[PDB]
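Chains as they are written, first to last, in the deposited numbering: chain 0, 2 to 56; chain D, 3 to 214; chain N, 2 to 117; chain a, 2 to 24; chain P, 2 to 112; chain K, 1 to 122. C-beta: ideal position from N, C-alpha, C; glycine also. Remarks on the structure that follows.
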Amino acid sequence: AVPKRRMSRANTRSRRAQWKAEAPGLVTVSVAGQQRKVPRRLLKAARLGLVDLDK
Amino acid sequence: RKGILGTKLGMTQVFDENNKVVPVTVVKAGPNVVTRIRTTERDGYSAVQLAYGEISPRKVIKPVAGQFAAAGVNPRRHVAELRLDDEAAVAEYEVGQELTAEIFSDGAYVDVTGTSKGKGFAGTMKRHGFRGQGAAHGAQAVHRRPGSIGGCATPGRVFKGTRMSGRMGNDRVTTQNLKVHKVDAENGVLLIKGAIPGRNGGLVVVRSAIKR
Amino acid sequence: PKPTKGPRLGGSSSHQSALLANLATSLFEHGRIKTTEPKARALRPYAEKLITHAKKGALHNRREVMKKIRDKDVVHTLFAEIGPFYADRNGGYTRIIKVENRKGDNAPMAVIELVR
Amino acid sequence: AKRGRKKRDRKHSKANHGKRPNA
Amino acid sequence: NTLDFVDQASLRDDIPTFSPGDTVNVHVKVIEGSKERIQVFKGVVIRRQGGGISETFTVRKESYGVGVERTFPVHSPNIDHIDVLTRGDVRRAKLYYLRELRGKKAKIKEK
Amino acid sequence: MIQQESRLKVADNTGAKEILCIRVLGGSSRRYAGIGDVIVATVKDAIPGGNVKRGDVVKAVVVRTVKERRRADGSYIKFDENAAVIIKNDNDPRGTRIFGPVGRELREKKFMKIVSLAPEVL
RNA sequence: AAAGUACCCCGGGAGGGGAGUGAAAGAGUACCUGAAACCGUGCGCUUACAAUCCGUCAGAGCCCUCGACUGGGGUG
RNA sequence: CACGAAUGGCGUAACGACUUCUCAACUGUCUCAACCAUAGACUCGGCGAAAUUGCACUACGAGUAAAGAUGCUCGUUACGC
RNA sequence: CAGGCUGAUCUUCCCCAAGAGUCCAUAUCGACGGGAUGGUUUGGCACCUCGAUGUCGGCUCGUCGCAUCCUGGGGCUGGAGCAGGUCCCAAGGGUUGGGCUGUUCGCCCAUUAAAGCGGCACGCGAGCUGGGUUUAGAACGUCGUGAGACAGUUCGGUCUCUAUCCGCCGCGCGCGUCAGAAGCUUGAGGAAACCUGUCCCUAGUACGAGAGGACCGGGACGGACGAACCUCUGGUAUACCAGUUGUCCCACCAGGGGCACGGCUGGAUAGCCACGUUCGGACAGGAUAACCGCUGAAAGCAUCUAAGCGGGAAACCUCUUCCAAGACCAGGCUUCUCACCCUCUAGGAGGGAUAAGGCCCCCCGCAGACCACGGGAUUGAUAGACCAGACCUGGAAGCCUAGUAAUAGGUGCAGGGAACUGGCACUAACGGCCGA
Ligand SMILES: [Mg+2]
Ligand SMILES: [Mg+2]
Ligand SMILES: [Mg+2]
Ligand SMILES: [Mg+2]
Ligand SMILES: [Mg+2]
Ligand SMILES: [Mg+2]
Ligand SMILES: [Mg+2]
Ligand SMILES: [Mg+2]
Ligand SMILES: [Mg+2]
Ligand SMILES: [Mg+2]
Ligand SMILES: [Mg+2]
Ligand SMILES: [Mg+2]
Ligand SMILES: [Mg+2]
Ligand SMILES: [Mg+2]
Ligand SMILES: [Mg+2]
Ligand SMILES: [Mg+2]
Ligand SMILES: [Mg+2]
Ligand SMILES: [Mg+2]
Ligand SMILES: [Mg+2]
Ligand SMILES: [Mg+2]
Ligand SMILES: [Mg+2]
Ligand SMILES: [Mg+2]
Ligand SMILES: [Mg+2]
Ligand SMILES: [Mg+2]
Ligand SMILES: [Mg+2]
Ligand SMILES: [Mg+2]
Ligand SMILES: [Mg+2]
Ligand SMILES: [Mg+2]
Ligand SMILES: [Mg+2]
Ligand SMILES: [Mg+2]
Ligand SMILES: [Mg+2]
Ligand SMILES: [Mg+2]
Ligand SMILES: [Mg+2]
Ligand SMILES: [Mg+2]
Ligand SMILES: [Mg+2]
Ligand SMILES: [Mg+2]
Ligand SMILES: [Mg+2]
Ligand SMILES: [Mg+2]
């Protein structure tokens, strides 16, 4: 099964627009005289000190 | 034409008056409050809306809560209608009438509607009861496959309602007839003969059979 | 515990039982470990059902912990330290924390640790 | 057959004057 | 266990305690057009399937040079009474090796 | 579940010895005989002295089958033996006696002469 | 003509932004001029009940523009 | 129709991954399918091809036509991706 | 090879009746001759394709036509009855499994209510097989001086492709339905389904010389097919229990573990399943077919028709089950928010912040490709753990007694254990983006 036609300039774009990224949607943590912000799944680990925000 | 919402409580077996085994699907139709009575003047049909199952007040949505507040009723899990024939049958319901499973009377027949078990994208063999191709004598990679789906240059297309492959179950279905073995008044359970659609603990609408 | 519904992590049934043994025996040594989040969730009901054998003190239970784990320093300190510590607590000896995504594969990490 | 008959009865349309270019 | 609240009426307590391996002498009510009768089945108990009314047990006669194997519900109305006459120990839940054996080799040994 | 082809060793005497199933009667595309259901048969093994030859097409009723069936009150029977009895045009067996336990479903089917014969009904 | 960007900042580097050098980095060693296919960003007008060799002719509305106090563009 | 005697005729124990027919044993080959595991498929992160291509905002029916039409006629049908 | 035209030949009806049917052409056959339909056979023609339209039969999947094989409704009969014949109407459903052959076709076998005929590239190889045909090897008969040849036989002989577009089967995202939301619905328009047997009574009555033997209407039990479900029976089981072989390891003995197809073997709850157990095909009503009619003219009589009024079949409507307001005529019945603020070239404008609610995250499922759908989120039983049961396996470890030992018995319905059931917050369910 080979493509019979060259796909049009309109049709190639309209599919290609669906390929995106979403995310994160941050929340305001606090740590060590500073806020930063973080994803909500990591909100426990941020203040408890399993992750590092310098990276 | 009487009716009742309930749940599927799972199956057992119970022995007959004449010593046979009848397999019985246990449903518990709890105390249902009629909330709203649809009437032929305003709506253009006759129906009864039934409320079922205990829910916490804080879980209830404010649009939904105000409808139960209009009825004068504590809010419930599920709500649904019994469509009924003619105008005359809605004459004997009042909003806040709490009907129970005692009504059905031993040796009745029912419809017992309920949503089916989802089987989760089954193709061809499971879904439609096709035969596959042979397991041996040459057969290259076709052992459960649909085969042909159409003729040739005429018509030059597949017809609508061709039987292929897709998501199976969660259909509304119906059993039809299905004899009521025993109404238990205390506890609020009906022993109905044979299988009734759906998972254990799914919503189920038992009503008296139109064919009977 | 409950069997895995899906394909067995490791890519085999025999590898899964060896993997959960190596994850459990590491957890009771250090008291903390970091894995992929699916490996962390699979480890919880495995690890707690060794700690229940610990707190119930008998030779019978020393044999049945030794059917897994396979290490004498760990099965010692499982019964010496960890067992009589969680004699007080009824259940739930373990927690999970989220440690953000791994670099190469974007696999979501998780730390799994004793409650203390 | 049906297609053979019908083509040759397009001869009699009024615009054609009782002859139509068959083939 | 859900559906305990419906089982209670059908659960007979006339059944004596037996296990698989035991020779058990089951009398059965046969209703036919002529008259009600007490036929009696006589053999070794093969298995028990558990769980309230739904449990069954399977008895094996060996009659006239052929094996017959007959299951009953334990709490059947039709089962009349069960006489357990020889108790025997078999080291096994379910005795499906007796199907192949025939002969005197199928003899179970008493406790 | 006797099916097509297959091999039943006969309960009744008659010198048949063994028979192979041609057809299960009583419907189109009817797959399975068991106990009460009749079949068309063909004699394979046979005996030198008898009133049936080898390879002659005859009716037969099933009497024992190795698959189990429900009956009623959840009470199953199961034999070690797929067996049958060769019958006359209607119902009487041409074999004058019958060996082994027939099913008690036979009485319902009306083969009252077969259940009148034989060591027991079960 | 190397006068090939001393020095400062971002950065692990590459690469850049100031600063300089030059007539000109709109000549930075990826270096004269730098077309098209193709690849984006911003700004107008249009488009989610419509069967479109994708144009053509008639043409509503909208958005810019010139000139007196209506002529042209883009869209359709 | 149209075997035939060293382009040998007729046999022949033993041999044959040769061709042919039958038999017992056993079997998912089948009646009639069912379930489990692994490897792809599928989802997320990374890197990243290929044949092919006159165009595109590419329905269907009965027709017509270089005598089998996504594009022509007349209907019917179809929210965008 | 397939399509196109043609229709000699084939194929299905038809005109005229010489006749045969005791007599009587038309109950049923119908010569000779004549007229057409169909495109399904063998052909004629050479119009599309040779910078490729790839191949008979079978399998898988079908879809339409009626010139009906069965079931259903009728007229005539050289129709007593049973069972036929023949013609008209009717396409809803159903039209079996084997033997021989590559076969299609055909002959046979046992059944069946019946084993229908055709079209769709003699439907269907980017769906499958490769037995047939049709490459290269080789032998046999034949023709040829020979190389070799033969719709003459014979044995062997590579079946390529990751789906762009329409199409079809499922599932979301985005705007729309004149404010924004939520719950329950109406049914325009669709789809799936629609089969039929035996036997007992009515009745050995009608009918017939007897032999045979009913319509009409009752009742029981079926087969094939479809859909639900897992109580039973049955299968499966890759973190369940016990047995056991070989070999390495835990210092070693005892007791366990790794590996050998899950090493093999005996069972196995939940889940998914059929071989399992339940249920279905309706019962009515309406307008009709062929056909039977009533009242009646034109045409004093007659006539089912010209006006009018009826009976009448599994077809056609409605009834039964399922989807469904993207049904642009975008519906209905309710309930819930209902309110602010700024800027400007100030008007169906642009924001900002919200309310009723939604979504993301989080804890999961009997829902699941992903998404979605359904629950739960501390006022919490959603999942794990723990505690209890159910159920599955079958009598653990240690010590003790017996045995010279393999092993046996008592502590003990023991020990172990997943999905099913309740109880119990012990662990994990901790803050952002949309929205009048
Ligand atoms: Mg198969
Ligand atoms: Mg294969
Ligand atoms: Mg599993
Ligand atoms: Mg292994
Ligand atoms: Mg013609
Ligand atoms: Mg340059
Ligand atoms: Mg058009
Ligand atoms: Mg010579
Ligand atoms: Mg010679
Ligand atoms: Mg010669
Ligand atoms: Mg020779
Ligand atoms: Mg010879
Ligand atoms: Mg050799
Ligand atoms: Mg997947
Ligand atoms: Mg990828
Ligand atoms: Mg066309
Ligand atoms: Mg056009
Ligand atoms: Mg041709
Ligand atoms: Mg062509
Ligand atoms: Mg030509
Ligand atoms: Mg070409
Ligand atoms: Mg007709
Ligand atoms: Mg073909
Ligand atoms: Mg092929
Ligand atoms: Mg094809
Ligand atoms: Mg071949
Ligand atoms: Mg010669
Ligand atoms: Mg070969
Ligand atoms: Mg595609
Ligand atoms: Mg493919
Ligand atoms: Mg008589
Ligand atoms: Mg169960
Ligand atoms: Mg060693
Ligand atoms: Mg040892
Ligand atoms: Mg090893
Ligand atoms: Mg087994
Ligand atoms: Mg099971
Ligand atoms: Mg939710």
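When the options are compared against residue i, the one with the closest alpha-carbon
i, options, result
"residue 92 (chain K)", "109 (chain K), 4 (chain K), 79 (chain K) and 70 (chain K)", "109 (chain K)"
"residue 69 (chain D)", "17 (chain D), 53 (chain D) and 84 (chain D)", "53 (chain D)"
"residue 59 (chain D)", "50 (chain D), 93 (chain D) and 79 (chain D)", "79 (chain D)"
"residue 61 (chain K)", "115 (chain K), 74 (chain K) and 55 (chain K)", "115 (chain K)"
"residue 1 (chain K)", "111 (chain K), 84 (chain K), 107 (chain K) and 94 (chain K)", "84 (chain K)"
"residue 12 (chain N)", "32 (chain N), 87 (chain N) and 40 (chain N)", "40 (chain N)"
"residue 90 (chain K)", "101 (chain K), 33 (chain K), 39 (chain K) and 13 (chain K)", "39 (chain K)"
"residue 69 (chain P)", "15 (chain K), 102 (chain K), 55 (chain K) and 24 (chain K)", "102 (chain K)"
"residue 43 (chain N)", "107 (chain N), 24 (chain N), 100 (chain N) and 82 (chain N)", "24 (chain N)"
"residue 11 (chain D)", "204 (chain D), 212 (chain D) and 169 (chain D)", "204 (chain D)"
"residue 38 (chain P)", "28 (chain P), 12 (chain P) and 63 (chain P)", "28 (chain P)"
Identified DSSP bridge partners for residue i
i, result
"residue 27 (chain D)", "13 (chain D) and 194 (chain D)"
"residue 210 (chain D)", "112 (chain D)"
"residue 40 (chain K)", "23 (chain K) and 59 (chain K)"
"residue 80 (chain D)", "54 (chain D)"
"residue 40 (chain P)", "29 (chain P)"
"residue 100 (chain D)", "35 (chain D)"
"residue 157 (chain D)", "154 (chain D)"
"residue 102 (chain K)", "121 (chain K)"
"residue 110 (chain N)", "37 (chain N)"
"residue 46 (chain P)", "60 (chain P)"
Cutoff 8 angstroms: residue i Cβ touching any chain K Cβ
i, result
"residue 65 (chain P)", "yes"
"residue 97 (chain D)", "no"
is_contact[residue i, chain P] using C-beta, thresh 8 angstroms
i, result
"residue 78 (chain K)", "yes"
"residue 206 (chain D)", "no"
"residue 81 (chain K)", "yes"
"residue 48 (chain K)", "no"
"residue 191 (chain D)", "yes"
"residue 117 (chain K)", "no"
"residue 75 (chain K)", "yes"
Residue i at chain 0 interface by Cβ criterion, 8 angstroms
i, result
"residue 75 (chain N)", "no"
"residue 65 (chain N)", "no"
"residue 116 (chain N)", "no"
Contact with chain D by residue i, beta-carbon distance below 8 angstroms
i, result
"residue 72 (chain K)", "yes"
* Near-chain P residues of the stretch 7-33 of chain D - C-beta to any C-beta below 9 angstroms -> 11, 12, 13, 14, 15, 16, 17, 18, 20, 21, 23, 26 and 28
* Anything in the stretch 64-98 of chain P with a Cβ closer than 8 angstroms to a Cβ of chain K? List those residues in chain order, please. => 64, 65, 66, 67, 68, 69, 70, 71, 72, 73, 74, 77, 78 and 79
* Could you name the residues of the stretch 86-115 of chain K whose beta carbon sits closer than 8 angstroms to any beta carbon of chain P, in the order they occur along the chain? => Near chain P, meaning a CB-to-CB distance below 8 angstroms, the residues of the stretch 86-115 of chain K are 99, 100, 101, 104 and 107.
* To do: Taking a Cβ distance cut-off of 8 angstroms, strictly less, list which residues of the stretch 88-104 of chain N are near chain 0, in chain order.
  => 98, 99, 100 and 101
* Using a Cβ-Cβ cut-off of less than 7 angstroms, give me the residues of the stretch 22-44 of chain 0 that come near chain N, in sequence order. => 42 and 43
* Contacting positions in the stretch 18-48 of chain P - beta carbon closer than 9 angstroms to chain K -> Those residues of the stretch 18-48 of chain P that come within reach of chain K (Cβ to Cβ, closer than 9 angstroms) are 29, 31, 33, 34, 40 and 42.
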